[PDB]
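There are 2 protein chains.
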Amino acid sequence: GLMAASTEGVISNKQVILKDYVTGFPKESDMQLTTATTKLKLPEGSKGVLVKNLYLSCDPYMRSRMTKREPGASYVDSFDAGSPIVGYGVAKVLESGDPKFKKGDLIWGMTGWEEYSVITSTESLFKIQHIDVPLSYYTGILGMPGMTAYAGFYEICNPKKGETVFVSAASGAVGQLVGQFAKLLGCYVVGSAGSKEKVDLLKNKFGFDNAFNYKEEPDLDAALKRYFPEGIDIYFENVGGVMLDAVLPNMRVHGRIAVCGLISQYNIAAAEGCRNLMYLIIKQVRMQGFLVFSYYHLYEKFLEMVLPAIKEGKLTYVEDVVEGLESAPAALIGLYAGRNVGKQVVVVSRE
Amino acid sequence: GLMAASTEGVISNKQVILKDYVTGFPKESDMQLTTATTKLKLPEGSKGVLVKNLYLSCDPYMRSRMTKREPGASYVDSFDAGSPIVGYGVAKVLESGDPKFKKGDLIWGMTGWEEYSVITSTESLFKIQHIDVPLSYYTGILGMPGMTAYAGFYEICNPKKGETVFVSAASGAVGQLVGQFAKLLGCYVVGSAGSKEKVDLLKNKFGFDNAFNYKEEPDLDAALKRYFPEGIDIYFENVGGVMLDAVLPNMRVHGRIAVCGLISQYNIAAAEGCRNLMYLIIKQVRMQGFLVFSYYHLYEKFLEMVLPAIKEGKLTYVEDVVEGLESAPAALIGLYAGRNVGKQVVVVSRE
Ligand SMILES: NC(=O)c1ccc[n+]([C@@H]2O[C@H](COP(=O)([O-])OP(=O)(O)OC[C@H]3O[C@@H](n4cnc5c(N)ncnc54)[C@H](OP(=O)(O)O)[C@@H]3O)[C@@H](O)[C@H]2O)c1
Ligand SMILES: NC(=O)c1ccc[n+]([C@@H]2O[C@H](COP(=O)([O-])OP(=O)(O)OC[C@H]3O[C@@H](n4cnc5c(N)ncnc54)[C@H](OP(=O)(O)O)[C@@H]3O)[C@@H](O)[C@H]2O)c1
Ligand code: NA
Ligand code: NA
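If you're matching them up, the sequences are chains A and A' in order. A prime marks a further copy of an entry chain.
Going letter by letter, the first sequence gives residues -1 to 349 in the entry's author numbering.
Going letter by letter, the second sequence gives residues -1 to 349 in the entry's author numbering.
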């Protein structure tokens, strides 16, 4: 077989399309791998960038964008059926209408699930300077998940030396950093995760004081009392559901719950009830939700702290890396089954 | 018929006894009116007071004390089966072992459901000085409920001029004050209550901007959008249950929920689930429980503000007054049916 090159400079652009809006849990077959065509040229008048995508993030929030809604009651618009999935990634600039960015610069920000994207505005892109770390880190510890852990722990939890900290989904992109931040502060830290592998990772890689497999614990209250005989000062909440109900009676007086996520609720049409809210009164607890995008003014301050800590080996990170856009649908769905061990990354292209 | 006076100075002391611990909703027949005897003499060595009870408070928390528990996981010990109900009241000192208190002084604090009580310690009693108000006010606006409204609204809600405020159980002991405090601050204030009488009281007596009868609203979300077309900055939560679920999607960004009470949950063995907690994240809401007893250091500051406001007619109060200890069981149970119109008081004796 033989394929002539295009005399109009057309090349192939593989894409992951959302075929149609999703009800309940997403399936691989809700997405379609396709091959489009592109002339690698920016639209006339573009103030944006034409990029080659290198790495894509799989992030839990992305399921919410697969449900059809009008712009509102969500912080962000639905995906468009028939168009590529969009999400955070790391890309190389091919052409720019903004002279801040030149060919060969590396960026992170919202991009398409495709080999090549046009991003119409640069105002929400970050130009990468420090490349003495794996570039995939700018989807996790040096991107949106790392900023989430930094904001949620240091700005919402009011953490103090000697406090007790519980983290759910603790081996994941956000949780693995919260627990390290807490350990470095001098807190007692425990995490919950969904397998022996992830429990062992918490104790051995991340230095949590203890951890347990929630899927093997018939009695979550008894598990939390095993590790917190005098209660929990801070709950960093990533999951919601039965774990939140089990936590509430185990909070300390003036305890805090940072409500980062509620991933156990993301795929069911009607959420489970939280039943132990009386303990917010009895223990005088502050339960506070937050959105990372309200804290990006702190990003440069965050990088000034975390880059040298990674270099010094004070902070570490575990990524789950899968190869190719072809892998991306299964990697995204896998978040809701705990398939990922650490932060889920898709490698579209290393260069 | 003829009854000789006792040659040992014994007199009759009517009491309301808890016959046995309560499961589910309390009944009048869970309590027993009885006549004991007393020699109005303090025990040898007593550092406390012998008092004549004048007024008793019916307060929602009292149901929790009718369930048997070990000392813990509740901020206070169960009632004793076979002994008088205890709760906040207003009393006259007959005899004292503490010379701070003399015969004829008026106090408020925790006392027995009886004509005469021995209170073993004075450390938690307040000696009343200002008697140019109804003495019953020291069970409500000048007692524990008034302190609750002051602390919860001014210390937990971070209220600001022009903010939107929603109050549940808004015609009750606490809620009727929160809404007045909010109106005086320049907030837009709406309240929910369980009857037309109480709705009309909110608009006409307390100057709320609006109010509605939750028992007549099939769609609580639609009712809240009627009164809050741009959402709720502060929810002062007294009820929990379906009202909390309806509020959450109607919160404004950086909205606050002061969790004072959850009375819809007090009598059912398993609480209803709160299902809309995702909105704590989407709207970045602070949902914070508190206990009035952590704020009694502010009581003298509270009285310096509220006494002149009551005298000037800036603040008003509505009490539901029933006559006699014989009325007390039905008045207490009535709280869980909304029988009370305003703060529920029992008159044991006017002097
Ligand atoms: N507020 C914000 O701005 C913000 C930003 C970023 C992330 N978040 C939230 O933070 C949380 C963590 O995100 P992440 O990126 O770090 O994800 P992640 O932990 O790397 O991956 C998701 C993990 O969720 C766990 N999980 C999935 N379904 C579950 C269920 N039904 N019950 C309990 N655990 C379940 C799984 O771990 P196990 O194997 O341990 O079950 C899975 O590996 C998510 O809720 C996300 O939405 C919020
Ligand atoms: N955190 C603290 O330190 C503290 C201190 C004091 C009080 N509190 C709490 O504050 C709340 C109000 O106390 P309060 O003394 O002012 O009581 P209150 O409002 O004077 O009386 C209770 C009222 O609750 C309402 N209610 C009863 N069952 C209900 C249900 N199933 N659904 C909805 N509403 C229901 C009724 O009003 P409607 O006719 O309008 O239904 C009833 O009149 C209570 O939850 C109490 O426990 C907390
Ligand atoms: Na501690
Ligand atoms: Na407002």
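Using N, Cα and C, we set each Cβ at its ideal position, and we do this for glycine too.
Asked: Per DSSP, the bridge partner or partners of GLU121(A'); Found: DSSP lists no partner for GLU121(A').
Asked: Touching by the beta-carbon criterion (3+ pairs, under 8 Å), the region 105 to 116 of chain A' and the region 262 to 281 of chain A'; Found: no
Asked: Interface flag, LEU40(A') vs chain A, CB-CB below 8 Å; Found: no
Asked: Validate contact between the region 312 to 326 of chain A' and the region 134 to 142 of chain A' using beta carbons, cut 8 Å, 3 pairs; Found: yes
Asked: In DSSP terms, what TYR114(A) is bridged to; Found: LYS50(A)
Asked: Near-chain A residues of the region 265 to 293 of chain A' (beta-carbon distance less than 9 Å), N- to C-terminal order; Found: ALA268, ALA269, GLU270, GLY271, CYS272, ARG273, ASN274, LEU275, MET276, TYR277, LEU278, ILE279, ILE280, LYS281, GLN282, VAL283, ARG284, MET285, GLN286, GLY287, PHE288, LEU289 and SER292
Asked: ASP318(A), enclosing beta strand (DSSP E) - first and last residue; Found: 317 to 321
Asked: Where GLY7(A) falls, given that 16 or more other Cβ within 10 Å makes a residue buried; Found: exposed
Asked: beta-carbon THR33(A) near ligand 3 non-hydrogen atom, thresh 7 Å; Found: no
Asked: Nearest candidate by alpha-carbon position, reference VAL251(A'), set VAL240(A'), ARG284(A') and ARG224(A'); Found: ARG284(A')
Asked: Cα-Cα separation, residue 351(A) to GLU68(A); Found: This structure leaves residue 351(A) out entirely; chain A is present only between -1 and 349.
Asked: Closer than 8 Å to chain A by CB, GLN263(A'); Found: yes
Asked: Contact under 8 Å by Cβ, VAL187(A) with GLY177(A); Found: yes
Asked: Pairwise C-alpha distance: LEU289(A) and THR146(A); Found: 8 Å
Asked: Beta-carbon proximity check, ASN211(A) vs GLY184(A), cutoff 8 Å; Found: no
Asked: Span separating the alpha-carbon of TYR53(A) from that of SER262(A); Found: 26 Å
Asked: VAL172(A) at chain A' interface by Cβ criterion, 8 Å; Found: no
Asked: Supposed contact pair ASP243(A') and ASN274(A') - C-beta distance, whole angstroms, cut 8 Å; Found: 5 Å
Asked: Secondary structure of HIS295(A), DSSP reduced to three states; Found: helix
Asked: Proximal chain A' residues relative to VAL257(A), where beta-carbon distance stays under 8 Å; Found: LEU275, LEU278 and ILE279
Asked: Cα-Cα separation, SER134(A') to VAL88(A'); Found: 7 Å
Asked: Alpha-carbon spacing of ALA180(A') relative to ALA267(A'), whole angstroms; Found: 35 Å
Asked: C-alpha gap between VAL343(A) and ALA329(A), whole angstroms; Found: 8 Å
Asked: Contact belief for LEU92(A) with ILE105(A) at Cβ below 8 Å, rounded distance in angstroms; Found: With a Cβ gap of about 11 Å, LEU92(A) and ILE105(A) do not count as contacting.
Asked: Proximity test, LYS98(A) beta-carbon vs ligand 1 heavy atom, cut-off 7 Å; Found: no
Asked: C-alpha gap between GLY170(A) and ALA307(A'), whole angstroms; Found: 55 Å
Asked: Between the CA atoms of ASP130(A) and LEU175(A) - distance to the nearest angstrom; Found: 20 Å
Asked: beta-carbon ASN202(A) near ligand 2 non-hydrogen atom, thresh 7 Å; Found: no
Asked: CB contact below 8 Å: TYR73(A') versus chain A; Found: yes
Asked: 8 Å Cβ cutoff, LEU333(A) in contact with chain A'; Found: no
Asked: Pair within 8 Å by beta-carbon distance, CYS272(A) and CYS272(A'); Found: yes
Asked: Span of the beta strand (DSSP E), counted from its first residue to its last, around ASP18(A'); Found: Counting along the chain, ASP18(A') falls outside any beta strand (DSSP E), and DSSP gives it neither H nor E.
Asked: Endpoints, the beta strand (DSSP E) within which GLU93(A') is located; Found: 84 to 94
Asked: Heavy atom of ligand 2 within 7 Å of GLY144(A') beta-carbon; Found: no
Asked: Cβ-heavy atom distance, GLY253(A') to ligand 4, below 7 Å; Found: no
Asked: Cβ-heavy atom distance, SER122(A) to ligand 1, below 7 Å; Found: no
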